[PDB]
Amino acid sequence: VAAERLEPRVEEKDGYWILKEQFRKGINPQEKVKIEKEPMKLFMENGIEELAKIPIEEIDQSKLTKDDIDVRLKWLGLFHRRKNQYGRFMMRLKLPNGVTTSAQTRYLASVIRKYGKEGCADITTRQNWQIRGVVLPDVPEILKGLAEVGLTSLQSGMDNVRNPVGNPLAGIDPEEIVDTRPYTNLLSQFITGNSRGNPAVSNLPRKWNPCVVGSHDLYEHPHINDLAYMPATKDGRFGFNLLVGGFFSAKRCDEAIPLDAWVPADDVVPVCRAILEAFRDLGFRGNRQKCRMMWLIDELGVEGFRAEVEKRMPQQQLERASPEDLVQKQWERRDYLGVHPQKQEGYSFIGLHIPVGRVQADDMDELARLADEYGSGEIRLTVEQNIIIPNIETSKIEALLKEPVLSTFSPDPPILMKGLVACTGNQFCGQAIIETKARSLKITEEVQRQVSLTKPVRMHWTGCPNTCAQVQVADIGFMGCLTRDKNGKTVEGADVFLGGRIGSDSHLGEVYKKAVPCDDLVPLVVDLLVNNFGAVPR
């Protein structure tokens, strides 16, 4: 690869990072949006204050302001639901390691409550909160309210570093490798500039997903992250081996590969910065389907990319990977739902099933109440869109199990529900081909009525090829499509995926059967479970 290819393509100008004039040819429309006006100015220069005052019908009359609300606002975690909930915004947080408080939960509930039938909230596949129903005029007050309770929504969408995922059992599991919270906290603080905004990492060629591993279970899905920190001792020192470039897209799904790099634990932020700077400086900015970091790694080769990371490290030092990491390959992924003892004697955590991750304001208040009465006011989110309430004095468990709300958010739902994951789908998402959340619950309920089983089969439902619900990791995955019934009528369907494995022995699933009408999935799935997963007809 020629030396000219390694010239940084962006430069700092007045606090922000912009494409250099000579690298602007052939760029995609999103890159043009970023050049036309720096999205971070909406927050960092309080551009949102005046924008929020303009009636949305007027906003839609000019490209600049329409791009503000449809594109640039995603840098403030605000997502206009133009097609399916016009004039309303989904709002997405930074929530490193999935950790929330009862006060934060009540605040979020109070926001969605205002919007009535237009409001609700969702736990995401990055153990994060999304709230719904937000109107533009309310945005300045919501931003203030979030800050007041110690939350940020910065840089959660578009060409930004996404929610830092960690071990949902961090600090509490007797079997953890290393508490991931300090590291995911540091990453989030770095990414968001301590909630003020960090323009140095907000003009990436594309989204970028990080995780820090602290579990033998690999709850963090390191194989599908742009950067995964794998805990590893090297030459008597604790640190992390680095995996890079994992991603899913409509066009291509790839597992992360070794960078062949180990960093001491204190270098977590420095190496995150170095990798992001290399991606920012050198990444392709044409066809959006070829802008994820793995495409850069393929273009330079992993060694060429590694050299770019190395030159951006303090003292330009980057050690090679440790021959072994601390993750034990002899491991069975553990169920976290139900009551489990913590490493702190006399304390338990409880995992509660949240059906397809969907909650209303009243539900959130009740969960916050439980966390206060039984725990320490902490609620943890998981990437299967469930919750854990930690730090419960074990003597309180008997009373907790009798709480009425646990009939809805159960510590021991049927096994197929335990593993069920579903994206937003067409209730709110404009890209969705099908409805996902209600359908997946209905189908799963019918399937489980017909068969019993003991294997923890994981079913993932995603509404379009963006695969936000990660169908390629599922035992049985369902990707939304339109198909045809026996009479040739248009019906909702799914492409069915098999072969996904998680944990250390990970594998990406692939399409098994295309174009199955959703109304025909129950018998197909029942038979798959009996024939391949040991299920028994009732």
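Each residue number is its position in the shown sequence, starting from 1.
Legend entry - Stretch exceeding the other in mean C-alpha B-factor - 307-315, 261-269: Per the PDB entry, the higher value belongs to 307-315.
Legend entry - Mean temperature factor over C-alpha atoms, higher-scoring stretch between 319-327 and 405-413: Between 405-413 and 319-327, it is 319-327 that shows the higher mean C-alpha B-factor.
Inset, instruction - Name the residue from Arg113, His460, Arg358, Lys144 with the greatest C-alpha temperature factor listed in the entry. - result: The listed residue with the largest C-alpha B-factor is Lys144.
Inset, instruction - By the entry's C-alpha temperature factors, tell me which of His353, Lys251, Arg292, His80 sits highest. - result: Of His353, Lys251, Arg292, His80, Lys251 has the highest C-alpha B-factor.
Inset, instruction - Relative to the other modelled residues of the same chain, rank the CA B-factor of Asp475 and answer lowest, middle or highest third. - result: Lowest third.
Inset, instruction - Taking the chain's C-alpha temperature factors as the reference, tell me which third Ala278 falls into: lowest, middle or highest. - result: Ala278: CA B-factor falls in the middle third of its chain.
Legend entry - Ranked C-alpha temperature factor of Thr394 among modelled chain residues, by third: Highest third of the chain for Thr394's C-alpha B-factor.
Inset, instruction - Pull the Cα B-factor of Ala469 out of the PDB entry and bin it into the chain's lowest, middle or highest third. - result: Lowest third, going by the recorded CA B-factors of the chain.
Inset, instruction - Could you say whether, by C-alpha temperature factor, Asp298 belongs to the lowest, middle or highest third of its chain? - result: It belongs to the highest third of the chain when residues are ordered by C-alpha B-factor.
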